[PDB]
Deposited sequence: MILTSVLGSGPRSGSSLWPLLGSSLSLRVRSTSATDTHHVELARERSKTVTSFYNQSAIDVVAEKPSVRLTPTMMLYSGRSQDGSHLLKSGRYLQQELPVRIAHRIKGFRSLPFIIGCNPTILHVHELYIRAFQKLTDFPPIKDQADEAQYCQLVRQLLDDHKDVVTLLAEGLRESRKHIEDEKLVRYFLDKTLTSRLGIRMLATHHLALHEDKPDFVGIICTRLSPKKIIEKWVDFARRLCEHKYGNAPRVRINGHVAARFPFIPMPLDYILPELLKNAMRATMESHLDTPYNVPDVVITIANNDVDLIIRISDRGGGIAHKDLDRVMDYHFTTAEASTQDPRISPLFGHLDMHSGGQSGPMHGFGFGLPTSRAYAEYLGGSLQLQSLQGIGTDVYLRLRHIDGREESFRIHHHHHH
């Protein structure tokens, strides 16, 4: 089973030798990908790269490269176990990176000449980071013995169930802010189950659901106690999984339409939900498409390729 330019190992050897193979693989893969991202930071427009917060993330990436390269060759389970400590630390050290980049770039990007430069930098940086985090988490998860998982790969993911999980989460945030939340109905292939990697859905779904719920409440300020449902349709075929999220939140206005996919743009939480979700979907071989019915609502279509 694989993803773009990387593979997620589904080993299961008794002596635990698959952990050594996995670890050695990480050590030959992660430093290269970190190095590529450091180059990304090096080539940022000077005035952006000088931003203290951007510099901090840059330094963090240098540190990560240094720590991995300083780690001795993995020869035994004792080494592998310490390697896992390093991986856990880095995952934790880097958990706020998306937020730091958003902040650092927010002001600094208003300065430079080329406007698609930041978009390209963020698309490339955030997707490479997702890949890095997936590989690292997969390696850790190989030690686990949860049913239905091989590392971070779920062998029988139910899209309805993971959708429901994020629905409950988004409904709670929405209720806290507006005193109510749209109900969500789910239809189509509600009983589908198939091998799949949850992690990208764990980012994308709450972003799209928050969007749809905010849009619904903000357009029904007179009747917060009675708002139209959000309707989610699951289509599962041999090629891809499609999740359509349809709201009656009034639509994306014509004057806003060409901006909603830009990092930082927002009508309101830092305006990253849509461009990030799209970059993730595309990184994984899928896509994220919007259909705006101005005056009525929006349909968002998430497509993710099935596992090979």
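- Absence of C-alpha coordinates is noted for several segments of the deposited sequence, namely 1 to 68, 337 to 364, 405 to 418.
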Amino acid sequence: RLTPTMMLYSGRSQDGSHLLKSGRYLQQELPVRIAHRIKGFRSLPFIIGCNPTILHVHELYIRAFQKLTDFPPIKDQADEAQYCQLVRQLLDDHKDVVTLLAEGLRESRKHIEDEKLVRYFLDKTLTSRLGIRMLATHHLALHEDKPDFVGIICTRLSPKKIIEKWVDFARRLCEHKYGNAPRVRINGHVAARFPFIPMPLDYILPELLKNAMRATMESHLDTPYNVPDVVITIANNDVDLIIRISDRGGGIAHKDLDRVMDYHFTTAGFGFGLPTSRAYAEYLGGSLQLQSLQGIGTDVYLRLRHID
From here on, numbers count along this sequence of modelled residues.
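The term rigid core refers to the most C-alpha atoms you can superpose between the two forms while keeping them within 1.5 Å.
- Between 103 to 111 and 84 to 92, the larger root mean square Cα shift in 8 other deposited structures of this protein, once each structure is superposed on the rigid core, falls on 103 to 111.
- Stretch comparison, 245 to 253 versus 56 to 64: after rigid core superposition, larger RMS CA deviation in 8 other deposited structures of this protein is found for 56 to 64.
- Coordinates for residue 34 are present in every one of the other compared entries of this protein that model residues on both sides of it, well short of the third needed to count it as often missing.
- Where the other entries of this protein model the residues before and after it, residue 268 is dropped from at least a third of them.
- For the pair 280 to 288 and 6 to 14, the record assigns the higher mean C-alpha temperature factor to 6 to 14.
- Judged by mean Cα B factor in the deposited record, 188 to 196 ranks above the other of 188 to 196 and 125 to 133.
- In this entry, the residue among 207, 229, 107, 93 with the greatest C-alpha B factor is 107.
- Note on 138, 214, 146, 160: the highest value goes to 146, judged by CA B factor as recorded.
- In the PDB entry, a CA B factor belonging to the lowest third of its chain's modelled residues is recorded for residue 246.
- In the PDB entry, residue 26 places in the highest third of its chain by CA B-factor.
- Per the deposited record, the Cα B-factor of residue 65 falls in the middle third when ranked against the other modelled residues of its chain.
- Ranked against the other modelled residues of its chain, the C-alpha B-factor of residue 262 as given in the entry falls in the middle third.
- Remark: residue 41 belongs to the lowest third of its chain, ranked by C-alpha B-factor as recorded.
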